[PDB]
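**Student:** There's a structure below that I have some questions on.
Each reported figure results from applying straightforward, stated rules to the coordinates on display, with no laboratory input. All Cβ positions, even for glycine, are placed from backbone atoms using ideal geometry, and neighbour counts span all protein chains on display.
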Amino acid sequence: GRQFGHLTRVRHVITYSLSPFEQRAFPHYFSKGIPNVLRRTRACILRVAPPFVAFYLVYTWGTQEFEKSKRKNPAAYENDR
Amino acid sequence: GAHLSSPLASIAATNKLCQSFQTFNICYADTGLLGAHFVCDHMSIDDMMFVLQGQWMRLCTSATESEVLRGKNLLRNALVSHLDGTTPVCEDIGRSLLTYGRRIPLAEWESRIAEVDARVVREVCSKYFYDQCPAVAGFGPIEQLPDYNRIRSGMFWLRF
């Protein structure tokens, strides 16, 4: 019904909070957060990056593979005959 | 009934936005407490909160002399009736001594009351209410209770 009223039934949870003025917008932002970078940046990086690396090779790989194929005619047949 | 003069007493009863409510005042040594205590069904809880605040806020700007008279009268009516029976005087003395000491400014109360003015009031609430930081006390089924940051940005009007 009324969006919040009839949502669900919940029992014996307790919540604790302050006015925003009670605290600061940078509670050791640098110091505390900078480590957190790794645990997330390491978490997925196992799962994600490598496929692209393969691509990047192909990028140069085929290009190079392309390049000779045309660029030099006096290659397979040199200009002799 | 609906004919009551107090805005919420009539209205919050009109839709029975509350089963009950009251107010409290207690002043400690260095501290004091201001607020109201209320009871209503959950689905409508939002109502009281919305409609409680202005009854502070509208005071803070637009307030009026005559409306105080009754309250001026009431508190006069209030303290006088406090004096029936042996014991109540006895209790008064103790706190008085612990509070103001000897003081029983009996008639002076009225003088303390006669102090009161429409400006006097609209000076007072200016201090402790308009754009302040309240605290929130609640117990289940809290669920629909408007979130904090509303109340805060809900304390001070935008003039609306």
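**Student:** With respect to B:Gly85, determine if the residue is within 14 Å of chain A (Cβ to nearest Cβ) and loosely packed, with under 13 Cβ neighbours inside 10 Å. Can you show your working first?
**Tutor:** Working: within 14 Å of chain A (Cβ to nearest Cβ): no; loosely packed, with under 13 Cβ neighbours inside 10 Å: yes.
It is false that B:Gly85 is within 14 Å of chain A (Cβ to nearest Cβ) and loosely packed, with under 13 Cβ neighbours inside 10 Å.
**Student:** Only residues that are hydrophobic (A, V, I, L, M, F, W, C), more than 16 Å from B:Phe129 (Cβ to Cβ) and in contact (Cβ under 8 Å) with a residue 12 or more places away in the chain: list them for the stretch B:25-49, please.
**Tutor:** Listed by number, the residues that qualify are B:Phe38, B:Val39, B:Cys40, B:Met43, B:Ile45, B:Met48.
**Student:** Before we move on, is A:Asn36 over 23 Å from the mean Cα position of the chain (by Cα), on the phi < 0 side of the Ramachandran plot and not charged (D, E, K, R)?
**Tutor:** On the way: over 23 Å from the mean Cα position of the chain (by Cα): no; on the phi < 0 side of the Ramachandran plot: yes; not charged (D, E, K, R): yes.
For A:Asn36, the condition - over 23 Å from the mean Cα position of the chain (by Cα), on the phi < 0 side of the Ramachandran plot and not charged (D, E, K, R) - is not met.
**Student:** Then there is this: Hey, could you check the stretch B:33-54 for residues that are among the β-branched types (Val, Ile, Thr) and away from chain A (no Cβ under 14 Å) and say which is nearest to B:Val116 (Cα to Cα)?
**Tutor:** In the first step, residues of the stretch B:33-54 are kept if they are among the β-branched types (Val, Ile, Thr); the result is B:39, B:45, B:51.
From the residues that got through so far, the ones that are away from chain A (no Cβ under 14 Å) too are B:39, B:51.
Details: B:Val39: 31, B:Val51: 26 Å.
Ranking the qualifying residues of the stretch B:33-54, first place goes to B:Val51.
**Student:** For the stretch A:1-50, which positions are assigned to a helix (DSSP H, G or I), within 14 Å of chain B (Cβ to nearest Cβ) and surrounded by 10 or more Cβ atoms within 10 Å (Cβ to Cβ)?
**Tutor:** First pass over the stretch A:1-50, keeping only residues assigned to a helix (DSSP H, G or I): A:20-22, A:29-45, A:49-50.
Okay, now just the ones that are also within 14 Å of chain B (Cβ to nearest Cβ), so A:20-22.
Result: A:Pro20, single match.
**Student:** I would also like to ask the following. Output yes when any residue across the stretch B:55-72 is surrounded by 15 or more Cβ atoms within 10 Å (Cβ to Cβ), assigned to a helix (DSSP H, G or I) and within 14 Å of another protein chain (Cβ to nearest Cβ), and no when none is.
**Tutor:** Within the stretch B:55-72 (the criterion being surrounded by 15 or more Cβ atoms within 10 Å (Cβ to Cβ), assigned to a helix (DSSP H, G or I) and within 14 Å of another protein chain (Cβ to nearest Cβ)), the answer is no, since none of the residues qualifies.
**Student:** Here's a follow-up. Scan the stretch B:106-160 residue by residue and report those that are part of a loop (DSSP other than H, G, I, E, B), within 13 Å of another protein chain (Cβ to nearest Cβ) and touching a helix residue (DSSP H, G or I) at 6+ places or on another chain (Cβ under 7 Å). Talk me through it step by step, then tell me what you get.
**Tutor:** So in the stretch B:106-160, the residues part of a loop (DSSP other than H, G, I, E, B) come out as B:115-117, B:129-141, B:145-147, B:156-160.
Subsequent filtering for residues that are within 13 Å of another protein chain (Cβ to nearest Cβ) retains B:131-141, B:145-147.
Result: B:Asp131, B:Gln132, B:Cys133, B:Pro134, B:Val136, B:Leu145, B:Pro146.
**Student:** Okay, next question. Just one of (1) surrounded by 11 or more Cβ atoms within 10 Å (Cβ to Cβ); (2) farther than 28 Å from B:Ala137 by Cβ; (3) among the hydroxyl-bearing types (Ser, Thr, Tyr) trips up B:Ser44, so point out which.
**Tutor:** Only one criterion in (1) surrounded by 11 or more Cβ atoms within 10 Å (Cβ to Cβ); (2) farther than 28 Å from B:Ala137 by Cβ; (3) among the hydroxyl-bearing types (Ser, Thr, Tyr) is unmet by B:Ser44, namely (2).
**Student:** Could you go through the stretch B:103-116 and let me know if any residue there is in contact with a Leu (Cβ under 8 Å, 6 or more places away or on another chain) and either in contact (Cβ under 8 Å) with a residue 12 or more places away in the chain or loosely packed, with under 15 Cβ neighbours inside 10 Å (or both).
**Tutor:** Residues of the stretch B:103-116 that are in contact with a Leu (Cβ under 8 Å, 6 or more places away or on another chain), as a first pass: B:109, B:113.
Subset that is either in contact (Cβ under 8 Å) with a residue 12 or more places away in the chain or loosely packed, with under 15 Cβ neighbours inside 10 Å (or both): B:109, B:113.
Looking for residues that are in contact with a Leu (Cβ under 8 Å, 6 or more places away or on another chain) and either in contact (Cβ under 8 Å) with a residue 12 or more places away in the chain or loosely packed, with under 15 Cβ neighbours inside 10 Å (or both), one finds at least one in the stretch B:103-116, hence yes.
**Student:** Give all pairs with beta carbons closer than 8 Å in which a residue from the stretch A:1-28 that is of a type in the set (S, T, N, Q) meets a residue that is surrounded by 10 or more Cβ atoms within 10 Å (Cβ to Cβ) and part of a loop (DSSP other than H, G, I, E, B); count only pairs at least 6 apart in sequence or on separate chains.
**Tutor:** From the stretch A:1-28, the pairs are A:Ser19/B:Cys133.
**Student:** Follow-up. Could you pull out the residue among B:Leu34, B:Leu79, B:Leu17, B:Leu4 that is part of a helix (DSSP H, G or I), surrounded by 12 or more Cβ atoms within 10 Å (Cβ to Cβ) and of a type in the set (A, V, I, L, M, F, W, C)? Even if it seems obvious, please write down each step before you answer.
**Tutor:** Working: B:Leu34 fails: part of a helix (DSSP H, G or I); B:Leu17 fails: part of a helix (DSSP H, G or I); B:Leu4 fails: part of a helix (DSSP H, G or I).
The unique qualifying residue is B:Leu79.
**Student:** Now for a different question. Taking the stated definitions as given, is B:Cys125 over 30 Å from A:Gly5 (Cβ atoms), surrounded by 13 or more Cβ atoms within 10 Å (Cβ to Cβ) and in contact (Cβ under 8 Å) with a residue 12 or more places away in the chain?
**Tutor:** Numbers: over 30 Å from A:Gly5 (Cβ atoms): yes; surrounded by 13 or more Cβ atoms within 10 Å (Cβ to Cβ): yes; in contact (Cβ under 8 Å) with a residue 12 or more places away in the chain: yes.
Against the criterion (over 30 Å from A:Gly5 (Cβ atoms), surrounded by 13 or more Cβ atoms within 10 Å (Cβ to Cβ) and in contact (Cβ under 8 Å) with a residue 12 or more places away in the chain), B:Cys125 qualifies.
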